[PDB]
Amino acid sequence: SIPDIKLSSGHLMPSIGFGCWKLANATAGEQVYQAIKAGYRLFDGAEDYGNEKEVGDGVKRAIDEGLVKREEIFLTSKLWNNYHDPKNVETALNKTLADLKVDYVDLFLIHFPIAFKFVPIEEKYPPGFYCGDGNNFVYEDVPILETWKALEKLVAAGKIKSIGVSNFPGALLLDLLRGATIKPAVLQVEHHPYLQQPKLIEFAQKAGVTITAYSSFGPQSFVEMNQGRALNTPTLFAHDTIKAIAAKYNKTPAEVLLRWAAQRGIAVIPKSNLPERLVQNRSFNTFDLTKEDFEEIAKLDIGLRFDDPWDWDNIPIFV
């Protein structure tokens, strides 16, 4: 039932996944197990999320029960910022493999086009914004391409099946494509009615790069983090344009918001933190939006970005 998308690398990636950011450590395993029982097969995780050991427990538990085999589960992870230097890339990937308890991850992405100064894993893991000097941010001179080549070597070594990037603007992705032997199979960016970036999406899809949207419900996710910007933003669930389209097809606003992406070939990985949501978030491909619908939603685009490195330390990623 859940459509697969064929990546430029030859492997299939489910179009509907399970988000693991801010997935509580104490219940991470159980939630992953339930998601697997509910039908999810792609798990979008990350070194920075700090819950890979658990995500691993969930997947292993399902595998041990015979519900699924390793090849049926699609595991996505992300290289955190302190590990861009080539000499530390495999190290970080190993930590990820050890925590997830597997021989390979299906998708590994450069989490951010930012290079924090390396912090040994034994000193602090996950490091988050720590750069080895108290609260200060510290960076290291590592061009993306260097990190990317380190990743290509790891694909040949069999530790990764497909590699990609996250939070990359158009210019950066274009340049990376000039030096890449293995083309980034995936581009994972914040995508929702308030931040549509139609041109970025067009370029990437045309280049054969698969788009995975994150924070498909816009401000919601950051509201849960008490972020001021998100709090001051009218929810997409209660937006007049969204409710209308929802009523028209007798669907829920949440279903329209996910369909809006899916129908354009964009993979989604919603955070389903309630049994009911687990079902809701993978059964929305039951209707089609019309051109008129898309034009109406396209109007909501105001370039409102909630996940912005500029907020951390004025990093110019999206300026």
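In case it trips you up, residue 1 is the first one in the sequence shown, and so on.
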item	value
Between 107-115 and 129-137 (mean CA B-factor, as deposited), the higher	129-137
266-274 versus 66-74 - greater average Cα B-factor per the deposited record	66-74
Member of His191, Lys199, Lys161, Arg229 with the greatest C-alpha B factor (per the PDB record)	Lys161
Peak C-alpha temperature factor (PDB record), options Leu12, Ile16, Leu300, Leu304	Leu300
Modelled-residue ranking by C-alpha temperature factor, third containing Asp293	highest
Relative C-alpha B-factor of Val223, binned into the chain's lowest, middle or highest third	lowest
Third of chain Cα B-factors occupied by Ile2	highest
Chain-relative CA temperature factor third for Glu52	middle
Ranked C-alpha temperature factor of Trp148 among modelled chain residues, by third	middle
